[PDB]
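First up is the structure itself, then whatever we jot down about it.
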Amino acid sequence: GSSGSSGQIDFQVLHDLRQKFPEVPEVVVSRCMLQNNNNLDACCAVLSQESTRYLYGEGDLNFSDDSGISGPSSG
């Protein structure tokens, strides 16, 4: 039961995340923010649980289908 109205991605909020989750693909992150009406923690969390889903694999019972692979590997 969405009450508020969907806004526009919040970079400032993303950046903050980008730092916490730099490895994670922004494109993916966004899809998260756009879902959390652009949030920091609310995202960080989802990102924390999501990451693992994209990393070690598996996590939570939340459904999320989206293609995106990024292997930068620092060095």
If you go through region 30-59 one residue at a time, how many are on the phi > 0 side of the Ramachandran plot and not in a helix (DSSP H, G or I)?
4
Would you tally the residues in region 7-22 being over 11 Å from residue 40 (Cβ atoms), part of a loop (DSSP other than H, G, I, E, B) and of a type outside the set (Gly, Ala, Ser)?
4
How many of the residues in region 30-65 are more than 19 Å from residue 15 (Cα to Cα) and either touching a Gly at 6+ places or on another chain (Cβ under 9 Å) or in contact (Cβ under 8 Å) with a residue 60 or more places away in the chain (or both)?
3
Being farther than 16 Å from residue 69 by Cα, among the β-branched types (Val, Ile, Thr) and under 11 Å from the mean Cα position of the chain (by Cα) is the requirement here; does residue 46 meet it?
yes
Give the number of residues within region 14-34 that are of a type in the set (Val, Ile, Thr) and surrounded by fewer than 18 Cβ atoms within 10 Å (Cβ to Cβ).
1
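Only the coordinates and a few stated rules stand behind these numbers; no lab work does. Positions of Cβ are backbone-derived with ideal geometry, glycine not excepted, and every protein chain shown enters the neighbour counts.
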